[PDB]
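Since the structure comes first, as C-alpha coordinates, the remarks are kept for the end.
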Amino acid sequence: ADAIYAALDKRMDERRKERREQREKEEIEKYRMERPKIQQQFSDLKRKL
RNA sequence: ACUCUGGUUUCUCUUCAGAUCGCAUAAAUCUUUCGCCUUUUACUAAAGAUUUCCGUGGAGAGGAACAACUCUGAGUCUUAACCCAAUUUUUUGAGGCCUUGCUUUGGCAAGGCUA
(Lines give C-alpha, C1' and ligand atoms only; values in the text may rest on other atoms or scores of the structure.)
Protein backbone atom coordinates (compact mmCIF):
# COMPACT_ATOMS: atom_id res chain seq x y z
CA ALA A 1 0.00 0.00 0.00
CA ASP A 2 2.81 2.43 0.84
CA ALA A 3 4.53 1.70 -2.48
CA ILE A 4 1.25 2.15 -4.37
CA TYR A 5 0.60 5.53 -2.75
CA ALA A 6 4.21 6.63 -3.28
CA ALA A 7 4.08 5.67 -6.96
CA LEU A 8 0.78 7.54 -7.28
CA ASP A 9 2.31 10.66 -5.73
CA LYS A 10 5.31 10.34 -8.06
CA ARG A 11 3.00 10.00 -11.06
CA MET A 12 1.12 13.14 -10.05
CA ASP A 13 4.52 14.90 -10.10
CA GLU A 14 5.29 13.98 -13.74
CA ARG A 15 3.24 16.91 -15.08
CA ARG A 16 6.21 19.31 -14.94
CA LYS A 17 8.97 17.22 -13.35
CA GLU A 18 11.27 17.00 -16.37
CA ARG A 19 10.52 20.57 -17.48
CA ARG A 20 11.31 22.10 -14.09
CA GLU A 21 14.31 19.82 -13.57
CA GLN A 22 15.86 20.81 -16.90
CA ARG A 23 15.11 24.45 -16.07
CA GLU A 24 16.92 23.98 -12.76
CA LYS A 25 19.83 22.34 -14.59
CA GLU A 26 19.98 25.29 -17.01
CA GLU A 27 19.64 27.77 -14.12
CA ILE A 28 22.43 26.61 -11.80
CA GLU A 29 24.85 26.58 -14.75
CA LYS A 30 23.88 30.19 -15.49
CA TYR A 31 24.68 30.99 -11.85
CA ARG A 32 27.76 28.75 -11.81
CA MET A 33 29.68 30.71 -14.46
CA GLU A 34 29.41 33.95 -12.47
CA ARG A 35 29.85 32.17 -9.11
CA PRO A 36 32.07 29.09 -9.48
CA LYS A 37 32.23 26.40 -6.83
CA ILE A 38 34.75 27.01 -4.05
CA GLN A 39 36.60 23.75 -4.73
CA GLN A 40 36.90 24.70 -8.41
CA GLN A 41 38.64 27.97 -7.52
CA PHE A 42 41.34 25.93 -5.74
CA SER A 43 41.66 23.20 -8.40
CA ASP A 44 44.84 24.59 -9.97
CA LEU A 45 46.45 25.18 -6.56
CA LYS A 46 45.42 21.72 -5.37
CA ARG A 47 47.04 20.11 -8.42
CA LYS A 48 50.40 21.66 -7.50
CA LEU A 49 50.28 19.90 -4.11
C1' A B 1 -27.93 12.47 -62.31
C1' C B 2 -23.66 8.65 -62.29
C1' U B 3 -18.99 6.09 -59.20
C1' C B 4 -15.50 5.89 -55.26
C1' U B 5 -14.68 8.13 -50.81
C1' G B 6 -15.97 5.41 -44.77
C1' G B 7 -17.68 8.31 -39.59
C1' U B 8 -19.76 9.70 -34.43
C1' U B 9 -19.81 8.85 -29.12
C1' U B 10 -17.21 7.30 -24.84
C1' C B 11 -13.21 5.51 -21.47
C1' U B 12 -7.88 5.34 -20.75
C1' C B 13 -2.67 6.25 -21.99
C1' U B 14 1.59 9.06 -23.87
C1' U B 15 3.35 13.72 -25.12
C1' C B 16 3.26 18.95 -26.84
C1' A B 17 1.06 23.60 -25.31
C1' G B 18 2.15 29.07 -28.56
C1' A B 19 -3.14 30.88 -27.17
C1' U B 20 -7.53 35.22 -22.40
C1' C B 21 -4.32 26.63 -21.84
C1' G B 22 -8.78 29.47 -18.04
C1' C B 23 -13.67 35.66 -21.29
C1' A B 24 -12.03 32.42 -14.69
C1' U B 25 -8.65 32.88 -10.84
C1' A B 26 -5.85 30.17 -5.78
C1' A B 27 -1.83 28.97 -2.57
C1' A B 28 3.34 28.24 -1.38
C1' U B 29 8.64 29.44 -1.78
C1' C B 30 12.71 32.74 -2.81
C1' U B 31 14.84 37.61 -3.61
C1' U B 32 14.05 43.03 -3.20
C1' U B 33 11.19 47.47 -1.21
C1' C B 34 8.07 48.69 2.55
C1' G B 35 4.03 48.20 6.82
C1' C B 36 3.94 45.99 11.85
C1' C B 37 7.91 45.21 14.59
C1' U B 38 9.29 41.50 20.03
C1' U B 39 10.60 35.89 18.72
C1' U B 40 8.37 31.31 15.82
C1' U B 41 3.93 30.32 13.13
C1' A B 42 0.77 33.51 10.88
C1' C B 43 1.22 38.32 8.16
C1' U B 44 0.92 44.06 5.88
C1' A B 45 1.45 45.38 -0.20
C1' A B 46 3.93 46.35 -4.20
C1' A B 47 7.64 44.49 -7.73
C1' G B 48 10.57 40.31 -9.71
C1' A B 49 11.55 35.03 -10.34
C1' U B 50 9.86 30.06 -9.24
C1' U B 51 6.85 25.70 -7.65
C1' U B 52 2.38 23.33 -6.55
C1' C B 53 -2.86 22.97 -7.17
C1' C B 54 -8.02 23.46 -9.49
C1' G B 55 -8.96 23.04 -14.54
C1' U B 56 -7.98 23.49 -20.57
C1' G B 57 -6.42 22.77 -25.93
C1' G B 58 -3.93 19.95 -29.99
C1' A B 59 -1.74 15.61 -31.65
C1' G B 60 -0.56 10.38 -31.02
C1' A B 61 -1.79 5.46 -29.14
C1' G B 62 -5.02 1.69 -27.14
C1' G B 63 -10.12 -0.17 -25.69
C1' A B 64 -15.54 0.23 -25.78
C1' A B 65 -20.25 1.61 -27.73
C1' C B 66 -24.47 2.42 -32.67
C1' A B 67 -21.43 -0.58 -36.13
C1' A B 68 -23.46 -0.05 -39.38
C1' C B 69 -25.65 4.10 -41.13
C1' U B 70 -25.03 8.09 -43.99
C1' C B 71 -21.92 12.33 -45.27
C1' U B 72 -18.54 15.46 -47.77
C1' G B 73 -15.11 15.83 -51.55
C1' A B 74 -13.30 14.04 -56.06
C1' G B 75 -14.37 11.66 -60.67
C1' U B 76 -16.59 14.70 -65.79
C1' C B 77 -21.45 16.80 -62.37
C1' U B 78 -24.18 11.72 -68.63
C1' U B 79 -31.29 13.14 -71.36
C1' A B 80 -35.64 13.78 -75.98
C1' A B 81 -40.88 18.16 -77.10
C1' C B 82 -41.75 23.05 -80.41
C1' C B 83 -38.62 27.14 -81.54
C1' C B 84 -32.70 30.16 -84.66
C1' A B 85 -28.69 33.01 -86.72
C1' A B 86 -24.20 39.09 -90.39
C1' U B 87 -18.65 39.40 -85.71
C1' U B 88 -15.19 33.34 -84.54
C1' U B 89 -16.92 27.50 -86.58
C1' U B 90 -23.61 22.19 -90.15
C1' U B 91 -27.65 26.32 -93.89
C1' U B 92 -23.86 31.53 -94.90
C1' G B 93 -24.11 35.28 -100.99
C1' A B 94 -15.58 34.30 -100.09
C1' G B 95 -16.32 32.16 -106.96
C1' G B 96 -13.25 31.98 -111.21
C1' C B 97 -9.88 34.46 -114.54
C1' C B 98 -5.52 37.25 -115.84
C1' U B 99 -1.14 40.23 -115.31
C1' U B 100 3.78 40.68 -113.74
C1' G B 101 7.45 39.55 -110.15
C1' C B 102 9.69 35.31 -108.44
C1' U B 103 10.83 29.81 -107.25
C1' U B 104 15.80 24.71 -110.19
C1' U B 105 10.16 23.46 -111.89
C1' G B 106 5.97 22.95 -108.98
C1' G B 107 4.29 27.30 -106.53
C1' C B 108 4.47 31.90 -104.11
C1' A B 109 3.93 37.45 -104.06
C1' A B 110 1.09 41.86 -105.62
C1' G B 111 -2.41 44.02 -109.00
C1' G B 112 -6.35 43.75 -112.49
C1' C B 113 -11.21 41.42 -114.48
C1' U B 114 -16.13 40.26 -111.95
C1' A B 115 -21.91 38.54 -112.03
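Ordering of the C-alpha coordinates sets the chain letters (A, B, ...); residue numbers start at 1 within each chain; ligands are numbered from 1 in the order shown.
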
Q: Give the residues of chain A that lie within 10 Å of chain B; count only C-alpha atoms (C1' of nucleotides), and format the answer as a count of residues only.
A: 4

Here atom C1' of residue B:62 and atom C1' of residue B:8 stand apart by 18.3 Å

query = Among chain A, which ones does DSSP place in helix (DSSP H, G or I), written as a ChimeraX atom specification?
reply = /A:2-12,17-34,38-41,43-47

Keeping only N, CA and C atoms, write the selected residues as a JSON list (two decimals), in the first residue's frame.
```json
[["chain", "number", "residue", "atom", "x", "y", "z"],
["A", 2, "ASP", "N", 1.93, 1.27, 0.80],
["A", 2, "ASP", "CA", 2.81, 2.43, 0.84],
["A", 2, "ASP", "C", 3.47, 2.65, -0.52],
["A", 3, "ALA", "N", 3.92, 1.57, -1.17],
["A", 3, "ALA", "CA", 4.53, 1.70, -2.48],
["A", 3, "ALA", "C", 3.52, 2.19, -3.51],
["A", 4, "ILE", "N", 2.28, 1.71, -3.44],
["A", 4, "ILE", "CA", 1.25, 2.15, -4.37],
["A", 4, "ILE", "C", 1.00, 3.65, -4.22],
["A", 5, "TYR", "N", 0.86, 4.11, -2.98],
["A", 5, "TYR", "CA", 0.60, 5.53, -2.75],
["A", 5, "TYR", "C", 1.80, 6.38, -3.15],
["A", 6, "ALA", "N", 3.02, 5.90, -2.88],
["A", 6, "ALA", "CA", 4.21, 6.63, -3.28],
["A", 6, "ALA", "C", 4.33, 6.73, -4.80],
["A", 7, "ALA", "N", 4.04, 5.64, -5.50],
["A", 7, "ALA", "CA", 4.08, 5.67, -6.96],
["A", 7, "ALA", "C", 3.00, 6.59, -7.51],
["A", 8, "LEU", "N", 1.84, 6.62, -6.87],
["A", 8, "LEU", "CA", 0.78, 7.54, -7.28],
["A", 8, "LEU", "C", 1.21, 8.99, -7.10],
["A", 9, "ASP", "N", 1.82, 9.31, -5.96],
["A", 9, "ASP", "CA", 2.31, 10.66, -5.73],
["A", 9, "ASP", "C", 3.40, 11.04, -6.73],
["A", 10, "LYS", "N", 4.28, 10.09, -7.06],
["A", 10, "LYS", "CA", 5.31, 10.34, -8.06],
["A", 10, "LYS", "C", 4.70, 10.58, -9.43],
["A", 11, "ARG", "N", 3.66, 9.81, -9.78],
["A", 11, "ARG", "CA", 3.00, 10.00, -11.06],
["A", 11, "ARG", "C", 2.33, 11.36, -11.15],
["A", 12, "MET", "N", 1.72, 11.81, -10.05],
["A", 12, "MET", "CA", 1.12, 13.14, -10.05],
["A", 12, "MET", "C", 2.17, 14.24, -10.20],
["A", 17, "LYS", "N", 7.74, 17.63, -14.02],
["A", 17, "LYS", "CA", 8.97, 17.22, -13.35],
["A", 17, "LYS", "C", 10.18, 17.42, -14.26],
["A", 18, "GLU", "N", 10.12, 16.89, -15.48],
["A", 18, "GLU", "CA", 11.27, 17.00, -16.37],
["A", 18, "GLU", "C", 11.48, 18.44, -16.83],
["A", 19, "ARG", "N", 10.39, 19.17, -17.07],
["A", 19, "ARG", "CA", 10.52, 20.57, -17.48],
["A", 19, "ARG", "C", 11.21, 21.40, -16.40],
["A", 20, "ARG", "N", 10.72, 21.30, -15.16],
["A", 20, "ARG", "CA", 11.31, 22.10, -14.09],
["A", 20, "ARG", "C", 12.71, 21.61, -13.73],
["A", 21, "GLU", "N", 12.98, 20.31, -13.88],
["A", 21, "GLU", "CA", 14.31, 19.82, -13.57],
["A", 21, "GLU", "C", 15.33, 20.26, -14.62],
["A", 22, "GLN", "N", 14.94, 20.30, -15.89],
["A", 22, "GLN", "CA", 15.86, 20.81, -16.90],
["A", 22, "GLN", "C", 16.01, 22.32, -16.78],
["A", 23, "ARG", "N", 14.96, 23.03, -16.36],
["A", 23, "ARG", "CA", 15.11, 24.45, -16.07],
["A", 23, "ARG", "C", 16.08, 24.68, -14.92],
["A", 24, "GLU", "N", 15.98, 23.87, -13.87],
["A", 24, "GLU", "CA", 16.92, 23.98, -12.76],
["A", 24, "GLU", "C", 18.35, 23.68, -13.21],
["A", 25, "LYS", "N", 18.51, 22.66, -14.06],
["A", 25, "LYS", "CA", 19.83, 22.34, -14.59],
["A", 25, "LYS", "C", 20.39, 23.51, -15.40],
["A", 26, "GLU", "N", 19.56, 24.14, -16.22],
["A", 26, "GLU", "CA", 19.98, 25.29, -17.01],
["A", 26, "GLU", "C", 20.07, 26.58, -16.20],
["A", 27, "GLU", "N", 19.60, 26.58, -14.96],
["A", 27, "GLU", "CA", 19.64, 27.77, -14.12],
["A", 27, "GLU", "C", 20.82, 27.80, -13.16],
["A", 28, "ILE", "N", 21.24, 26.64, -12.64],
["A", 28, "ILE", "CA", 22.43, 26.61, -11.80],
["A", 28, "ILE", "C", 23.68, 26.88, -12.64],
["A", 29, "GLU", "N", 23.71, 26.35, -13.87],
["A", 29, "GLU", "CA", 24.85, 26.58, -14.75],
["A", 29, "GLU", "C", 24.97, 28.05, -15.14],
["A", 30, "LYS", "N", 23.84, 28.74, -15.29],
["A", 30, "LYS", "CA", 23.88, 30.19, -15.49],
["A", 30, "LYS", "C", 24.49, 30.89, -14.28],
["A", 31, "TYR", "N", 24.12, 30.44, -13.08],
["A", 31, "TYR", "CA", 24.68, 30.99, -11.85],
["A", 31, "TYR", "C", 26.10, 30.51, -11.60],
["A", 32, "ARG", "N", 26.45, 29.33, -12.11],
["A", 32, "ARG", "CA", 27.76, 28.75, -11.81],
["A", 32, "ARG", "C", 28.89, 29.46, -12.54],
["A", 33, "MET", "N", 28.63, 29.98, -13.75],
["A", 33, "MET", "CA", 29.68, 30.71, -14.46],
["A", 33, "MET", "C", 30.07, 31.99, -13.72],
["A", 34, "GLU", "N", 29.09, 32.74, -13.22],
["A", 34, "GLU", "CA", 29.41, 33.95, -12.47],
["A", 34, "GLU", "C", 29.96, 33.63, -11.09],
["A", 38, "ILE", "N", 33.55, 26.66, -4.82],
["A", 38, "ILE", "CA", 34.75, 27.01, -4.05],
["A", 38, "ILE", "C", 35.88, 26.04, -4.36],
["A", 39, "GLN", "N", 35.57, 24.74, -4.43],
["A", 39, "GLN", "CA", 36.60, 23.75, -4.73],
["A", 39, "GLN", "C", 37.20, 23.97, -6.11],
["A", 40, "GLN", "N", 36.39, 24.44, -7.07],
["A", 40, "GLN", "CA", 36.90, 24.70, -8.41],
["A", 40, "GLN", "C", 37.93, 25.82, -8.40],
["A", 41, "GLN", "N", 37.71, 26.86, -7.59],
["A", 41, "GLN", "CA", 38.64, 27.97, -7.52],
["A", 41, "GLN", "C", 40.00, 27.57, -6.97],
["A", 43, "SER", "N", 41.27, 24.40, -7.67],
["A", 43, "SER", "CA", 41.66, 23.20, -8.40],
["A", 43, "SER", "C", 43.09, 23.29, -8.91],
["A", 44, "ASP", "N", 43.48, 24.44, -9.47],
["A", 44, "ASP", "CA", 44.84, 24.59, -9.97],
["A", 44, "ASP", "C", 45.86, 24.56, -8.83],
["A", 45, "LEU", "N", 45.55, 25.21, -7.71],
["A", 45, "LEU", "CA", 46.45, 25.18, -6.56],
["A", 45, "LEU", "C", 46.54, 23.79, -5.96],
["A", 46, "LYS", "N", 45.41, 23.07, -5.91],
["A", 46, "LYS", "CA", 45.42, 21.72, -5.37],
["A", 46, "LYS", "C", 46.29, 20.79, -6.21],
["A", 47, "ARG", "N", 46.24, 20.95, -7.54],
["A", 47, "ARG", "CA", 47.04, 20.11, -8.42],
["A", 47, "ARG", "C", 48.53, 20.25, -8.14]]
```

*Excluding stretch 14-31 of chain B and any residue of its chain fewer than 2 positions from it, enumerate the residues within 10 Å of it, using only C-alpha atoms (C1' of nucleotides), and give them as a ChimeraX atom specification.*
/B:48-61

Shell of 8 Å around stretch 92-100 of chain B, only C-alpha atoms (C1' of nucleotides), local chain residues under 2 positions omitted, as a VMD selection string | chain B and resid 111 to 113
